[PDB]
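Just the one chain here, the form deposited in one PDB entry, laid out as structure tokens.
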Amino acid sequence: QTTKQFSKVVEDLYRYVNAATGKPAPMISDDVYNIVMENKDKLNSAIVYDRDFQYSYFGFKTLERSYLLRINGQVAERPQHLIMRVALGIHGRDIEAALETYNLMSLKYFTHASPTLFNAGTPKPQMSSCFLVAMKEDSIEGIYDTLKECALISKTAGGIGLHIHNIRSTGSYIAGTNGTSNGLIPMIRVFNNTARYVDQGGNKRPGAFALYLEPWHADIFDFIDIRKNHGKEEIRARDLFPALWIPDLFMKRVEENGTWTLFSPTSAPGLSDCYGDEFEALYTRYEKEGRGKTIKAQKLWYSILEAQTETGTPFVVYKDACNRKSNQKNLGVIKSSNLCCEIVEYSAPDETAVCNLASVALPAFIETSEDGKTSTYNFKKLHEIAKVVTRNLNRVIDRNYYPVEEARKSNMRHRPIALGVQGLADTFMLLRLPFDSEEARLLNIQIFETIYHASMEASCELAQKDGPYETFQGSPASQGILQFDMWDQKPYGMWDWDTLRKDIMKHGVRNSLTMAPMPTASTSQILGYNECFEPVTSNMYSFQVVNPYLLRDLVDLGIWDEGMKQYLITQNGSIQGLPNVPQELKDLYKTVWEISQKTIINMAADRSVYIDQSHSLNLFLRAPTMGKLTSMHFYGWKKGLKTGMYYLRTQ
């Protein structure tokens, strides 16, 4: 049901007019149109339309649902067109680069995040997925500029992490009136309302700011309860996500079972603009000085746990871990993560942090390339692809249209990048590895060591052509301190780290950061693999498709009948305690609610030393309990995780 020739599809898209208004509304950029026109034979005959049959039913309908460009409501783009469009939007005149990217993407080696897919090659090429915004000032002027900026950003694809540690709390003094501040909640209500008013493009995905607060803020109790479904209404903000920016001290006081003290940022200035010991000194001293309100640490902590149990939020991100181990630490103190708890980047009133995202398809590097029929992992092809994806993301920074001036300032200075992964559960299943196997633990480490090593290497080459990023001098990277070093650990050593460190000190890197494995919520669905790096949630997922790797095996052992199909609906994806299934299969197809949360934390802990930034660590508790969750928070904290917890998923 679609024009076949690609330049012919680019012609329609570009010449498009809105009949209802007589307005010429071209959907390809001038730039990209011209490239397509000046290289139409090369480009048209490079496309292979067979690759459209690489997409599952439920994967393609995601592409058609909201990805492939429409003309007057009918789908205009074939999946191959969307890719070729993307490849050109990223690469411009670099037809060779463009052609390479096309192939790897078409063949499902990797893909870019949804904004890139939406907007690459179009006149408003907003290709970035996340924005980290600083509250400009503790003033009415400051609040409404920030409000204005969130709106302007929300106008285009991508979510906002916004931190608000500097907004004075309920009842704080205001010079100029006998009026008293109402604190965070009423203000949060303003933001919530703005998030409901500005569509993201023109859309079906409602609100989406995540709000970052440090637990010493005086308004914290209400703040954490923002997503509750009863209390009052005007005390809630149901389209935002509260996230805790937790300092170590808070966890120490919980552990010690001691006191915790709540300040308005105005009775206690500077808490968020320092960390580690210095923070502890400054905090202890204010606390001695009578400046705040002391209560029992565990009273807060018990409340945070209710919130998580009921709403799966607030998220938990360790402030010190993030700041101690960032290559951006030379820039100043990092005040928040992003919407999905994976970006860890510096922000200020005048610099709003951005990231571009792509994910590598881990299954595509499996081969039974030995001889007989035993699979291996081509860590070489993986390193190769990761180098390509690095190059792409870096170009995107320059061909990107920024929604606001503070985002362009930020990115052009530090050029952070974000690579991640999907299909890790698939990769384990295909290689016949239980998620909790010593093998899967080894494969995790290995995969992540290779993506990091490649991305850093490819970035080093880039710095060689185009100079290091503006703020590379004085960074930990400039001092030969890469991520794992900052975790006081030797790398696993599958790649030659000395040589790389050697070159990086000599030449710089192009990006301040490179890795931030993300949720892959929709892009995993497109390529038909399991989200990012989490185990399967069920084997049935749900219009009810059975795990292909399971199903395959179930027929090979010929134990698949109606008794099997119904048991899967019945036990919703669990194959454990089921009469006629080999232990091998059971260990292999454990659902996520059947893997120890301790193993999850560990494999997170392990891969974490090859992660510039952080990752979207969801926790899954089957039969949740105050103490059971308590130990999971503290275990991760102690591992030195940055994102201790994204969502608490329950039931």
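Under this definition, the rigid core comprises the largest set of C-alpha atoms superposing within 1.5 Å between the forms. When you see a residue number, it is the position in the sequence shown, counting from 1.
Below, we refer to the form deposited in another entry, which is not included among the displayed structures.
Practice task
Determine, with the core as the superposition reference, the one member of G372, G493, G290, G577 that shifts its CA by 2 Å or more between this form and the one not shown.
Solution key: Spelled out, the residue whose C-alpha shifts by 2 Å or more is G372.
Handout entry: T156 C-alpha moves between this form and the one not shown by 2 Å or more, core aligned
Key = No, the C-alpha moves less than 2 Å.
Exercise for the section: Taking the rigid core as the superposition reference, indicate whether the CA of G171 shifts 2 angstroms or more between this form and the one not shown. Expected result: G171: C-alpha displaced by less than 2 Å between this form and the one not shown.
Practice task
Examine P79 after superposing the rigid core and state whether its CA is displaced by 2 Å or more between this form and the one not shown.
Solution key: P79: C-alpha displaced by less than 2 Å between this form and the one not shown.
Problem - Cα separation of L619 and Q200 in the other entry versus here, shift of 3 Å or more - result: Compared with the shown chain, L619-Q200 is farther in the other entry.
Handout entry: Direction of C-alpha distance change in the other entry, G207 to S129 (at least 3 Å)
Key = It is closer: in the other entry, the C-alpha atoms of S129 and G207 lie at least 3 Å nearer than they do here.
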